[PDB]
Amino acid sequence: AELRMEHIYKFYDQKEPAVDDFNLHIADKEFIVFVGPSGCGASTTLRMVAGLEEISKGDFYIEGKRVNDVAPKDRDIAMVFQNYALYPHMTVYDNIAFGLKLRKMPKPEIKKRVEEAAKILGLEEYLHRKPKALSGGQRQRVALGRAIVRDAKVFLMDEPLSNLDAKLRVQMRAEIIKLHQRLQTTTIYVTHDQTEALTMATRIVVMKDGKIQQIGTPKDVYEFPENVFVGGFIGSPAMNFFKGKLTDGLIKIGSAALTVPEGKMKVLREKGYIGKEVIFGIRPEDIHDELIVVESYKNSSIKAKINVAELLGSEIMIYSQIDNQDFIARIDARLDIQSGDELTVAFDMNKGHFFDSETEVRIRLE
């Protein structure tokens, strides 16, 4: 289904809204992740969508029908993780069928939908077992079949991995991804975990304090963050940020001076940033081990002291600074590199971003 949120607001007791002008158009088959820190308003928004909470202002549409006034049960939404407990004395089959039985659906049609769900969950050999005979990993899949047999237009998932242990969490995460690949049901998934957002979504809605910060594919949000908060929240280790003073062709950070690409320089000039203090952002992977990288970087190298060098698989995380401004670089593993040495690094200024010092909003050079 297509969903439209048109200028939605939620207010409680205080006159600052908990959700502020939430505007979004979700296409069919998208897996949309709402992500942000504590109090971002994602979970409230999801419950407004479910119809557990009332919309204060604006319109919510499902397939172009305004459903603000429609009761939860009539919205054709499945709250996938609600009433999730299994009946211990019923089979897998019966735990998945239960809601259809209550609905008096004919037995054969029940059978057809149940078997189909079991195949999608990988439970076809287990249909006549009891829950106790399934492992923990298999057992947590069963109640998803209740959502699939419902034949709903949209699935809602509110932070379903948050209370699971590590081993069950990895398996649920994977199950959710598969369920989206096999059924393609339009889904809204709320989390506080930016890695889940990057790896599970078709598109992400980054939220803070009830306000949409950015909407985009995971790659778009990562590569072109709207502001400094998004740049710092998405990615781990997240973007490095520096204060410097822009001149004609150079950004001077502490006692370093990095050449700014002409293309970017032109726009910054035209927007009137020459001679002003600006925030410069650059990802760890875009700070290169200058020795090794095949590319030549034109006057954007510095000598950095290695505070710590941490091997992580085939990469090294380097913790350093430009004067008093800390940064992390993420380079390919090499052996000489040791905590305490010096290392020349080259900033890829084609991947650098500039943000306004007062607004923290990214300055569109693209």
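Quick note: we count residues from 1 along the sequence shown, nothing fancier.
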Using only the Cα atoms and their B-factors as the entry lists them, report which of 228 to 236 and 287 to 295 averages higher. 287 to 295
Averaging the C-alpha B factors as listed in the entry, name the stretch that ends up higher: 197 to 205 or 268 to 276. 268 to 276
In terms of recorded Cα temperature factor, pick the maximum from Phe155, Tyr87, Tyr222, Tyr93. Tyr87
Selection from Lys29, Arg330, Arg47, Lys305 [criterion: highest C-alpha temperature factor in the record]: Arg47
For the chain shown, is the CA B-factor of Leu311 in the lowest, middle or highest third of its modelled residues? lowest
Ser135 - Cα temperature factor, lowest/middle/highest third of chain: lowest
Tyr126 - which third its CA temperature factor falls in, relative to the rest of the chain: middle
CA B-factor placement of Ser339, once the chain's modelled residues are sorted into thirds: highest
Looking at the entry's B-factor column for C-alpha atoms only, identify whether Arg150 ranks in the lowest, middle or highest third of its chain. highest
